[PDB]
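Have a look below at one chain only, the form deposited in one PDB entry, in structure tokens format.
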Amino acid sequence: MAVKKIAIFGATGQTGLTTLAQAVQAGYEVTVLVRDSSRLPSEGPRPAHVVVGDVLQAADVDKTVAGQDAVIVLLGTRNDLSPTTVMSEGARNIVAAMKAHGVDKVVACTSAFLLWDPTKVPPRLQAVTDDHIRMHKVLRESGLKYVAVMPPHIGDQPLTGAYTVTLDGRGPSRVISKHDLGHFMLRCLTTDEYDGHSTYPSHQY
């Protein structure tokens, strides 16, 4: 039984937009939860289903997760570095909705800071990193099949599909293109080999 139907959270963000386009082009039936639909593009591949709402609202999340085979999480805070619980509270709602609807696979992006020396996080990113840690804890303790994607700097290099995935935060570089990161999140839908693991995609462009 391959995954066919997925929900993407954070589909309008930098990585979300290209993950969404790639998923639709690849044949998935994609549902997105967006606060503002004007942030979805008109050109290119289009999601099958658009739910307007907020990941902080359980009912909105429930509507989005119902019926899916898997969930991709690309939530983030754009340029806001303030203390925050948006991602972890969103993940709480996602896990509850997954359990309410029988969905058992989640692929979620946090950051390579969760693999690197936890005393080398740049001060201005510490608050966001603390919420990534809370989000990781929520997902790992959910018991669901969870692939933790922990990328380094997200760049705008082209899609290659040729990046390296390690399990410990060491790799050929400290950059992954947004397009390659999205491609990897989709890869995680068709294998179990990363379930229960932390993954570090990187590439020399």
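Shifts are known only where both forms have a C-alpha. Take the two forms, find the largest set of C-alpha atoms that superpose within 1.5 Å, and that set is the rigid core. From 1 onward, residues are counted along the sequence shown.
The following text describes the form deposited in another entry, which does not appear among the structures shown.
| Superposing on the core, which single option in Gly67, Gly155, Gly53, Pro45 has a CA shift of 2 Å or more between the shown form and the other one? | It is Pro45; the other listed residues stay below 2 Å.
| said: Taking 2 Å as the cut-off, check whether the CA of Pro172 shifts that much or more between the shown form and the other one after a rigid core fit. | reply: Moves: yes, 2 Å or greater.
| request: Kindly check if the Cα atom of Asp36 is displaced 2 angstroms or more between the shown form and the other one relative to the superposed rigid core. | output: Yes, because once the rigid core is superposed, the C-alpha of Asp36 moves 2 Å or more between the shown form and the other one.
| task | Classify the change in Cα distance between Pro158 and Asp36 in that other deposited form as closer or farther, relative to the shown form (magnitude of 3 Å or more). | result | Distance between the C-alphas of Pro158 and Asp36: longer in that other deposited form, by 3 Å or more.
| field | Direction of the Cα shift between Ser38 and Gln57 in that other deposited form, where the change is 3 Å or more | value | Compared with the shown chain, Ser38-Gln57 is closer in that other deposited form.
| query | Can you list the runs of 3 or more residues whose CA atoms move by 2 Å or more between the shown form and the other one, with the rigid core superposed? | reply | Runs with every C-alpha shifted by at least 2 Å: 36-39, 41-45, 168-172.
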